[PDB]
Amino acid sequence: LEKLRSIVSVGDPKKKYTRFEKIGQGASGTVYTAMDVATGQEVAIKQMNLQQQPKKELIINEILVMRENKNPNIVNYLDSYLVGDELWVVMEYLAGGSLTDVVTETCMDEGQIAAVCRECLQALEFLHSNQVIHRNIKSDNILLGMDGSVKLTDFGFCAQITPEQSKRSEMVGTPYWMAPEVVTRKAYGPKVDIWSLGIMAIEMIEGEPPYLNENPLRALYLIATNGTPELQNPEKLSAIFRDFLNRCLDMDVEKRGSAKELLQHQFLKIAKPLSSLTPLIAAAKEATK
């Protein structure tokens, strides 16, 4: 809390931003829409409430890692404020919503799946080069722009590796997206996010990650004992797509591809413009309406 107090900005956020309009809830807190009074840029603010914050060290890590690792494929952090018992986190606004709404309500073609994977891999190649392991890659941590921009968010679970203390060993993430080495409690590397991306590609195909009908503990045991998840209907996908997924979901960490390596895959060469994701966004919004 003392370290937290010395990260936040000076000044009234209520007097710096106006046109506040609630666009969601509510795990970590309320999400509002706003407009910068001086610039006119449209911003997205999350009101946290520190009483519902369990670890707290997480909130500082999220803020610090977002700050130090700015890239076109990472939701652009603006500023933070502590009004009174509440923590306000100001970011660029991505009105397109989350990938979750797209994967759960729409059927994505191979060219669109490829486009998202490419952008997601660009975010990962950036973080892994800066020795940052995201650890919670899943459709829910992908925000879309109205133009079709793909941006990575939620850095609360991330780990900073060093040539001295790398790999990592703590069972962190969301069960259904976790790599077998994470679940089994082995020392793991950045390639855990690659596995999480393969699961997110399965979401894009099937609408949900393997074992979602199960309870998280069962899923942990199913990822541990079964490994590489089998698809409902593999025959529906192309060979180059079937290959991209095998490289993402390989049990052998050394065999599993890096973001640098997967960015060169034949699959991403069939990727469509990001404007091809705008009819998906339009359908998701109509479906969840």
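So that there is no doubt, residue numbering starts at 1 and follows the sequence shown.
Peer 1: Mean C-alpha B-factor higher for 20-28, or for 275-283?
Peer 2: Averaging CA B-factors over each stretch, the winner is 20-28.
Peer 1: Can you tell me which stretch has the higher mean Cα B-factor, 81-89 or 96-104?
Peer 2: Comparing 96-104 with 81-89, the higher mean C-alpha B-factor belongs to 81-89.
Peer 1: Checking the record values for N141, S149, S166, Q112, which has the greatest CA B factor?
Peer 2: Comparing C-alpha B-factors across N141, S149, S166, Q112, the top value belongs to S166.
Peer 1: Of the choices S196, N71, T162, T174, which one's C-alpha carries the largest B-factor in the record?
Peer 2: Reading the PDB entry, the winner on C-alpha B-factor is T162.
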